[PDB]
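# what would the 3D arrangement of this be:
(one chain, ligands or ions: 1)
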Amino acid sequence: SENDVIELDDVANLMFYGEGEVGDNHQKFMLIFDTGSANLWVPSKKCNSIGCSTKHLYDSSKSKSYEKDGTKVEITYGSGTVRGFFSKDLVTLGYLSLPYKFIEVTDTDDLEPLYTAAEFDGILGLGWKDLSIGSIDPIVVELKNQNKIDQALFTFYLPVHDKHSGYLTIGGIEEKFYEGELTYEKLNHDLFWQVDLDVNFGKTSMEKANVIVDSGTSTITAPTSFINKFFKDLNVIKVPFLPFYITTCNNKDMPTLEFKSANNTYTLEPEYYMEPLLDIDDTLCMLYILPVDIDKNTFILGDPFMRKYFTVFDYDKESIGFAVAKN
Ligand SMILES: Cc1ccccc1CNC(=O)[C@H]1N(C(=O)[C@@H](O)[C@H](Cc2ccccc2)NC(=O)c2cccc(O)c2C)CSC1(C)C
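Numbers count the residues shown, from 1 in each chain. Now the structure:
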C-alpha cells in the first residue's frame with residue numbers, strides 16, 4: 001500500500017537511527033524512533049552546548065512554513081533531561097510530509113555523555129498522547145487522520161547487524177517481514193505501548209507484570225528484586241566500572257525468557273540477549289538485561305525482543321501485534 005517505509009540503519013554497536021527532515025528546505029536529521037517517548041526534538045541551531053558541536057542543528061529562518069512558538073519547555077528522559085522550546089514546522093518521513101509541533105533544543109549537556117557518544121541528533125516519539133509533554137497527537141494518529149495513510153499503526157522490523165537493515169513501516173502490515181501468524185495483546189493502558197503479560201525468566205518468575213515495548217532502548221529490564229533472584233541463579237559478574245553484567249556464553253544450562261499471554265506465549269532464547277564481550281572469542285558474554293525500578297511490576301522490551309519478533313503497533317485497534325520476523 002501507499003505504506004510509507006522508513007529505513008532504520010544500524011551503527012557499529014547495536015542501536016539504529018532513521019533519516020528525518022523538517023521543513024521546506026528539508027533539513028535532514030538522524031533521529032531515533034522511540035515508542036517510549038511521545039515527543040519530537042531536534043537540536044536547534046540556537047544551541048551551543050558542546051553536545052550540539054558535532055551535531056546536526058535545525059535552523060528556522062531557512063524555511064518558510066516555520067510557524068513560531070517559542071513556548072519554553074523540557075523533557076526528562078530516563079537517561080537525562082533536555083531544554084528548549086516548542087516550534088511548529090514541516091516534518092517529513094520520507095514518502096510522507098506533514099506540518100508538526102516539535103521541540104527546538106537548546107540546552108542538552110546532561111543527556112551527556114551519551115548525547116555525543118551516540119550517532120544521533122533527535123528523537124521522534126511513538127507513544128500515546130498522554131505520554132507526551134504538551135499533549136501532542138502521535139504523528140501516525142495524525143496522518144491516518146488527514147487520510148494520508150491507510151490506518152493508524154506502525155511496524156518495527158528488526159534484523160541483526162552485519163546482516164541487514166531495520167525497517168519502520170507506517171500504514172500497514174507487510175508480510176515481507178514475518179513468519180507464522182500474528183498474535184496480539186491489548187494495551188493495559190494508552191500511555192506507553194504497555195500490555196499485561198506473565199513473565200518467567202527461566203526459573204524465577206513474576207505474574208501479571210506490566211511490560212512495554214521500547215524501540216528506543218537497547219536493553220531489557222525488570223525490577224531489581226526480580227533480577228537478583230535470576231542473576232544469582234546463573235552466577236553473573238558485575239564489574240563496577242563497566243555498566244553491564246558479563247557471563248559465559250556457552251553456559252551449559254541456558255534459560256529462555258518467557259512472556260505469557262492468556263493464550264499466547266512469547267519466548268526469548270539466550271542468544272537474543274547476549275553478546276560476546278570481545279569479539280575474538282565467545283567465552284564471556286555481555287547480557288542485555290538490567291535492573292531498573294520503574295514500578296514494581298514494570299518491564300521493558302527493547303531491540304532484543306524486536307530483533308526476534310516483528311512487532312506491530314495499532315493505534316485504533318488499541319493493541320499490539322507480535323510475530324516472528326523473517327530472519
Ligand atoms: C531502559 C531504561 C530505563 C531507565 C532509564 C534509561 C533507560 C534507557 N533508555 C533508553 O534507551 C532511551 N529512552 C527510551 O527508551 C525511552 O523510551 C524511555 C524509556 C523509559 C520508560 C520508563 C522509564 C524510564 C525510561 N522513556 C522515557 O524517556 C520517558 C518515559 C515516560 C515519559 C517521558 O516523558 C519519557 C521521556 C529514553 S532516551 C534513552 C536513550 C535514555
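# what segments of the stretch 101-250 of the chain are strands?
Counting by DSSP state E, counting those that start in this stretch, the segments of the stretch 101-250 of the chain that form strands are 123-125, 153-157, 166-170, 178-190, 193-201, 204-212, 220-222, 237-238, 245-248.
# adding distance to residue 36, write those out as TSV.
Every residue, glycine included, has its C-beta placed from N, CA and C. As requested, the strands of the stretch 101-250 of the chain are exported to TSV (distance: least, CB to CB, whole Å):
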stretch	distance to residue 36
strand 123-125	7
strand 153-157	12
strand 166-170	14
strand 178-190	14
strand 193-201	9
strand 204-212	8
strand 220-222	12
strand 237-238	25
strand 245-248	22
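# of those, which is nearest the ligand?
The ligand lies closest to strand 220-222 among the strands of the stretch 101-250 of the chain, at 5.1 Å (CB to the nearest ligand atom).
# so does that closest one get close to the ligand?
Yes. Interface with the ligand: strand 220-222 contributes residue 221 (CB under 6 Å from any ligand atom).
# next, count neighbours for the residue of the stretch 51-200 of the chain found nearest the ligand.
Across the stretch 51-200 of the chain, no residue is closer to the ligand than residue 78, which sits at 2.6 Å (CB to the nearest ligand atom). Number of residues near residue 78 (other CB atoms under 10 Å) recorded here: 13.
# cool, and the one 3 residues further on?
Burial of residue 81, expressed as a neighbour count using other CB under 10 Å, amounts to 12.
# now, of the strands of the stretch 101-250 of the chain, which is deepest in the fold?
Most buried of the strands of the stretch 101-250 of the chain by mean neighbour count (mean count of other CB atoms under 10 Å) is strand 123-125; its value is a mean of 26.
# coming back round to it: and the residue of the stretch 51-200 of the chain closest to the ligand, that one's in a helix?
No. Checked against DSSP: H, G, I helix; E, B strand; the rest coil, residue 78 lies outside a helix; its state is coil.
# tell me the contacts of it?
36, 217, 292 (CB atoms under 8 Å, 6 or more residues apart in numbering).
# many thanks, I have nothing further to ask.
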